[PDB]
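Inspection log for the structure reproduced underneath, given as structure tokens.
Methodologically, a virtual Cβ is constructed for each residue, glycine included, from the backbone with ideal geometry; neighbour enumeration extends over all protein chains shown. Every number in this text was worked out from the coordinates using simple rules, so none of it is lab data.
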Amino acid sequence: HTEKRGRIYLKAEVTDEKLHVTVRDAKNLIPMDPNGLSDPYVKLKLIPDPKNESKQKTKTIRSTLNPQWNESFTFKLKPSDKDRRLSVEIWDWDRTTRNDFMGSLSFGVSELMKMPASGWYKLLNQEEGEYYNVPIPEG
Amino acid sequence: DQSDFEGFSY
Ligand SMILES: [Ca+2]
Ligand SMILES: [Ca+2]
């Protein structure tokens, strides 16, 4: 039972010399809870952030395999963030703690600087998602 | 860095 058919719609464009991160919704989620569902949240951070102020996070929606957030974040790090990547950590919250790895992905600021990234990203592993950046057009 | 990963609901 490892059907990683879940997809996430993540958008990251450069505007006002800042990063416009917009998370739409997710579809085809797989149950990672005893109740037979999954309630993950959207987490994004632009390393290196030792100030802990570039770390953005939203709360989970509810019991559904197709949750929509529609959250829009806009921030940017120092000029030396071009070689850095926007790390998105998608985890399934379990009320008291976390213990379900849904998937992780990242977007390079250097690539995003010359072209905005918007599409459906597949469920990749920690290293797979932080070292790569392959979005699916789906349109 | 604090407990942000496990900081949502009680
Ligand atoms: Ca769970
Ligand atoms: Ca859960």
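Tabulated values for the structure
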{"item": "Condition check for A:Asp49: more than 16 Å from ligand 1 (Cβ to nearest atom), under 21 Å from A:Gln126 (Cα atoms) and assigned to a loop (DSSP other than H, G, I, E, B)", "result": "yes"}
{"item": "Residue under evaluation A:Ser72, criteria (1) free of Cβ contacts under 8 Å to residues at least 12 places away in the same chain; (2) under 23 Å from A:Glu138 (Cα atoms), criterion not met", "result": "(1)"}
{"item": "Count of the range A:33-51 residues which are in contact (Cβ under 8 Å) with a residue 40 or more places away in the chain and either more than 16 Å from ligand 2 (Cβ to nearest atom) or more than 14 Å from chain B (Cβ to nearest Cβ) (or both)", "result": "5"}
{"item": "Residue among A:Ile8, A:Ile30 that alone is without any contact (Cβ under 8 Å) to a residue 40 or more places away in the chain, under 19 Å from the mean Cα position of the chain (by Cα) and at negative phi", "result": "A:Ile30"}
{"item": "Filter result for A:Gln56 (within 17 Å of the chain's Cα centre (by Cα), more than 14 Å from chain B (Cβ to nearest Cβ) and either without any contact (Cβ under 8 Å) to a residue 60 or more places away in the chain or within 16 Å of ligand 1 (Cβ to nearest atom) (or both))", "result": "no"}
